[PDB]
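**Student:** First portion of the complex, with coordinates as positioned in the assembly:
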Amino acid sequence: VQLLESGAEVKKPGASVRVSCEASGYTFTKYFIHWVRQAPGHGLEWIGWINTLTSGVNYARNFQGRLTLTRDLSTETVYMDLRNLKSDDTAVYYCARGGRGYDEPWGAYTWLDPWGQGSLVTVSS
Amino acid sequence: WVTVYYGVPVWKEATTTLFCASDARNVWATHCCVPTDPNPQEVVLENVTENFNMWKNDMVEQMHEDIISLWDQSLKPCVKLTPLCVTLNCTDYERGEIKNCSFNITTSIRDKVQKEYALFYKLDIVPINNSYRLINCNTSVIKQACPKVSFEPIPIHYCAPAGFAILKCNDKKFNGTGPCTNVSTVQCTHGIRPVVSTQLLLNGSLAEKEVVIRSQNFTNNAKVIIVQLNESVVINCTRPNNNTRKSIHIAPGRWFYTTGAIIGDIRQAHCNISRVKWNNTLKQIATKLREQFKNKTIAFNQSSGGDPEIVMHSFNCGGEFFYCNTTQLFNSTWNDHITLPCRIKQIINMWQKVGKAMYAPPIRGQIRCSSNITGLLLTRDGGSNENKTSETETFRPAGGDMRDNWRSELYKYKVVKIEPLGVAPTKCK
């Protein structure tokens, strides 16, 4: 099972970026997709997730009102729409499978086996 | 000595296809079921216990598969709308809520083109100037629902086949998992009405004594919390915008029906909820959540779902498909009338499948709809920066997984197989 991220991008502060991930080998609607970013010097930061079936979402408080996640069922593709980008947001963004599966007591968690390559988004003046 | 006893009162958990029993067009009003209802009274099983798990209940899985299958069987032979996939020339006839589109259609007569027009909700069209095209034209096949088919759900009772029985929890305060102490056996479930909705559960059953909250797990915030109310709330929904139908000869021996005209002024669909009944209901829900989380503070917020069926409340009134704005409802904090505008759409990606798109017909504009709120689907939001200002827990509307609508009614039932034959030691022979 593989995930494929879009390429890297460079933005100015007060900007927006659209990052996509394509999934293959495992039916898209059977699992949650989580987004995480790697910010060198800080380790990893969890951002949020999308259900992919019901498109329910959950985000960290520091992204409220700024990040929207969506999905296209017909292409088994997930998108990260992030607005009002700051230099603070320079990081490598990844999609990573989420948990074991939707129909499981702890299904949204404990797994994260598939991942992508990641996509660096640089924000700089 | 080993002897044989037949008619032994034992069973094992098992699954089997259940029978559809009706109360007395009408596919969800069971035109294809039988009213097998000879006063099927229950027997109480005395001093037995049984393990129930509503989250692993195959009866829910059957409702899902059966309703989808029946839906498709009923609409399979209806008119394809492929001939309408042309660039449309559209104007603003709120700010253009309804578009007036004209187009070149070439299918009823192979060597001719006709000019046709239709009035329809902007929510179903893609801007491409006055150039537009229908939103669900590409990637999916759209069929118009048949004018002689209706989906007006009635309570449906599911019955075990001979050799099987349905066990039921009669326990109060049953949380959906673990053992039940008061267990009875019924041949058939009570009638459960196959109502389709998202954020709020409509026209279902009520809790016997108090608002109760069930979840597979309460620390896993990825789970949907099912809230069952012990009192109904009645909602008055209407679309007073009067209209008339235009019949378009789309394909040979095939007719398409669209809105031909708007009669009177422009009005939008709206729903009326008692202000007080709603805020008192939330107080009760919040109370139960406070018990679950040892106080903290309960707050209600917006769905933030992205996807319109999730974002807005998805509501079905005959052939009228509503997307109601509920941000006026889920806006409160609990630390101890209201009119919702509704959007109307005619293309439905029913069951969230690509290729199953359906087009609702006109219903001559005017409609009155009156429904009962019996429960809610909510999701938990918290855990971010737990170290500081973490005393409040937020709940938001949740929905879209149809199996929750059925789970919320079928949670008290289990199917078992009767195994009447067995042996035991004796002195005989």
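**Tutor:** Happy to help now that I have it. Numbers count the residues shown, from 1 in each chain, chains lettered A, B, ... in the order given.

**Student:** Tell me where the stretch 51-200 of chain B has strands.
**Tutor:** B:88-91, B:98-105, B:114-121, B:125-127, B:131-134, B:142-144, B:157-159, B:164-169, B:177-180, B:183-186, B:200-202 (DSSP state E, counting those that start in this stretch).

**Student:** For the nearest residue to residue B:330 once chain neighbours are set aside, give me its contacts.
**Tutor:** In space, and not counting its chain neighbours, residue B:330 is closest to residue B:300: 4.4 Å by CB to CB, 6 or more residues apart in numbering or on different chains. The C-beta positions use only the backbone N, C-alpha and C, and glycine is treated the same way. Counting by CB atoms under 8 Å, 6 or more residues apart in numbering or on different chains, residue B:300 makes contact with B:282, B:286, B:329-333, B:394-396.

**Student:** which one of the strands of the stretch 51-200 of chain B lies closest to chain A?
**Tutor:** strand B:177-180 (9.9 Å; CB to the nearest CB).

**Student:** Now do that closest one: which elements does it pack against?
**Tutor:** Strand B:177-180 sits against strand B:50-53, with contacts defined as 3 or more CB pairs under 8 Å, 6 or more residues apart in numbering or on different chains; DSSP states H and E.

**Student:** The strand it packs on pairs with which strands, and in what direction?
**Tutor:** Counting by DSSP bridges, the strands paired with strand B:50-53 are strand B:177-180 (antiparallel).

**Student:** Go through the strand it pairs with and flag the buried ones.
**Tutor:** Residues of strand B:177-180 classed as buried by neighbour count (16 or more other CB atoms under 10 Å in any protein chain shown): B:177, B:180.

**Student:** Chain C next, sequence below:
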Amino acid sequence: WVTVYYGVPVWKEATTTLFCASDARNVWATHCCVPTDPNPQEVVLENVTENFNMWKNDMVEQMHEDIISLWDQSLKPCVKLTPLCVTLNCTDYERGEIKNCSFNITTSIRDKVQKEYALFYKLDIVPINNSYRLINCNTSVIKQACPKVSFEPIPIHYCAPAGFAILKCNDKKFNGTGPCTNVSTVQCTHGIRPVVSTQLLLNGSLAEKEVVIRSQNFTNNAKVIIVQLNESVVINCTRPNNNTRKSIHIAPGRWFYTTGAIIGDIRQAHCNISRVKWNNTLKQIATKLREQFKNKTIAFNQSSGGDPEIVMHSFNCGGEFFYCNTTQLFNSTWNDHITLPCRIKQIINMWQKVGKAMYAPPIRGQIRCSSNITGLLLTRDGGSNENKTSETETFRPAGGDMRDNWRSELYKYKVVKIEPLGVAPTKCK
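**Tutor:** The block that follows adds chain C to the chains above:
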């Protein structure tokens, strides 16, 4: 006295319908095949002699009909490529093996014309200057196989329905017909992979001890001789070419998948054959033929002609259909490594059905499959030379009749019906 005995262990030959079973989206999906039970128990029937006939075996006929039906069930709902049966503007880029063709598609959004291009193999192109057309697009409906489904063969265990039993012949060196003295009863077959090929039989079972050659009648030169090897030879076939993928929308949710570009240079498909193993294989086959034929001389002499699929060795590696030039393997004689070029095609006249065709969408490249040669299909020329130069018997590859691919494996099995009643003399009231 005519006493009636019930449960009498006798049977009669009978034909019934076997069911699919497997060990595990794909063809031979688990939803349509029962999980195979571990260790079905084989029971040896002592002092039983049973007459077998591998060429009259209805199990073979059944595999043929069922594999075809299943194949069609999978392709039935897939994309028609009829919008593409147009005159092509096409030139080049082994030489001009692959060409860059272009066309005007008027159906992608259903009201616009767009010039599109795709790369094609010349074997799928009709010359008609730079004017070309898709092969047989004007005689048959060509459908693209759905990319969501794997057609990779897995062993299938065919099981008897209740009331029936399968008799398996375990005799060593058993030929195609006649009495078998080591007969056992089984519930299901051992698992046969539904592999489709022509000249050479791949991934089958092996004979024990010696190569066994079976034919309904060796004297009748119109019959195909099935050669079952007792050791396999593994061949590594590859399509080392590298490419990109392209999707050309041609209809609603109806898109054509093709090759967008060549990465680097063009390299034809090739197969790795051990020279030594092949030569040894032929020597032992020739030896057995020298036993069957009166110390006549054994020769192989390529192919007499027929459909390209017969002339060349046909097989399917992943989703790519190979047609290998095997002339290097079949021109030798006895009276006492190796690399083959391969061609690739995308339009397949699957199962030889008139008016139907299948299109194989491409894959990215660098694909290799290692396959086991387990047997050969051969025919005799015989010739008319009896008075002069009568000393040499020539064999050639044969194939195309799918029933031989299953006869080669099902030859050990027979289906019979259980007949529990009978009577016999005794003494009684």
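
**Student:** which parts of the stretch 301-429 of chain B sit against chain C?
**Tutor:** B:354-355 (CB under 8 Å from any CB of the partner chain).

**Student:** Please verify my assumption that residue B:36 contacts residue B:20.
**Tutor:** No: look at residue B:36 against residue B:20 with CB atoms under 8 Å: they stay out of range, at 9.2 Å.

**Student:** who touches both of the two?
**Tutor:** Common contacts of residue B:36 and residue B:20, defined by CB under 8 Å, 6+ apart, comprise residue B:159.

**Student:** isn't residue B:16 right next to residue B:415, touching?
**Tutor:** Yes: shown here, residue B:16 and residue B:415 form a contact pair, counting by CB under 8 Å, at 6.6 Å.

**Student:** Next, show the common contact partners of those two.
**Tutor:** Common contacts of residue B:16 and residue B:415 (CB under 8 Å, 6+ apart): B:160, B:164.

**Student:** Give me the more crowded residue out of those two.
**Tutor:** residue B:415 (22 against 14; other CB atoms under 10 Å in any protein chain shown).

**Student:** and the helix or strand containing the more buried one, what does it pack onto?
**Tutor:** If you go by DSSP states H and E, residue B:415 is part of strand B:413-418. If you count contacts as 3+ CB pairs under 8 Å, 6+ apart, strand B:413-418 packs onto strand B:11-13, helix B:58-75, strand B:164-169.

**Student:** Buried residues in stretch B:17-32, which are they?
**Tutor:** Result for stretch B:17-32 [16+ other CB under 10 Å]: buried residues B:18-22, B:26-30.

**Student:** Just name the closest of the residues you listed to chain C, please.
**Tutor:** residue B:18 (19.7 Å).

**Student:** include chain D as well:
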Amino acid sequence: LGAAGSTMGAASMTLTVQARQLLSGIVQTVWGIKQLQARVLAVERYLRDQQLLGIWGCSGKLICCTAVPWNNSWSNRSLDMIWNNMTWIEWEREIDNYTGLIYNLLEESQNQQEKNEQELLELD
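**Tutor:** One more chain to add, chain D, which I have set with the ones above:
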């Protein structure tokens, strides 16, 4: 059918009462297939029990005599401990891995050997 929580002895006193059969029906194309399959299987299950009772030499009588001794590999629990200290459900679980064995034994003695003995009486 509420006697399941009662002891084996107590419940057996009502096998006749609870021998409801539940075979006769009332109110006498994919849904059609599913329901047809359900009806066919219900018949098949019925017949399996009847065939099994017949092969063991049972007349349909709710409690059959036997020709097979009970032994300690199955259970060495005393009879009061089985009949008055347990329910039928618990009992079935306790001896569940011997079902195949016992059934084969019931057949071999009570009906296979017994019928052979009856033939000998007829020969005489």
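
**Student:** Please re-evaluate the buried residues of stretch B:17-32 in the presence of chain D.
**Tutor:** For stretch B:17-32, by 16+ other CB under 10 Å, it's B:17-22, B:26-30.

**Student:** can you give me the strands in chain D?
**Tutor:** Remark: strands assigned in chain D by DSSP state E are D:63-64.

**Student:** What parts of it come near chain C?
**Tutor:** Within chain D, the positions near chain C by CB under 8 Å from any CB are D:119, D:122-123.

**Student:** List the beta-bridge partners for the nearest residue to residue B:19 once chain neighbours are set aside.
**Tutor:** Nearest non-adjacent residue to residue B:19, counting by CB to CB, 6+ apart: residue B:159, 4.3 Å away. Beta-bridge partners of residue B:159, counted by DSSP bridges, are residue B:19, residue B:188.

**Student:** now the helices: where do they sit in chain D?
**Tutor:** Using DSSP state H, the helices assigned to chain D run over residues D:8-12, D:30-55, D:79-83, D:88-94, D:99-106, D:114-123.

**Student:** I'd like those laid out as CSV, including distance to residue B:238.
**Tutor:** Output for the helices of chain D, formatted as CSV (distance: least, CB to CB, whole Å):
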stretch, distance to residue B:238
helix D:8-12, 59
helix D:30-55, 35
helix D:79-83, 68
helix D:88-94, 55
helix D:99-106, 63
helix D:114-123, 79
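
**Student:** Those: which one's closest to residue C:95?
**Tutor:** Ranking those by proximity to residue C:95 (CB to CB) places helix D:30-55 first, at 54.4 Å.

**Student:** how far does the closest one sit from the chain's center?
**Tutor:** 17 Å (CA atoms, centre = their mean, to the nearest Å).

**Student:** Take the buried residues of stretch B:17-32 and keep only those in strands.
**Tutor:** B:19-21.
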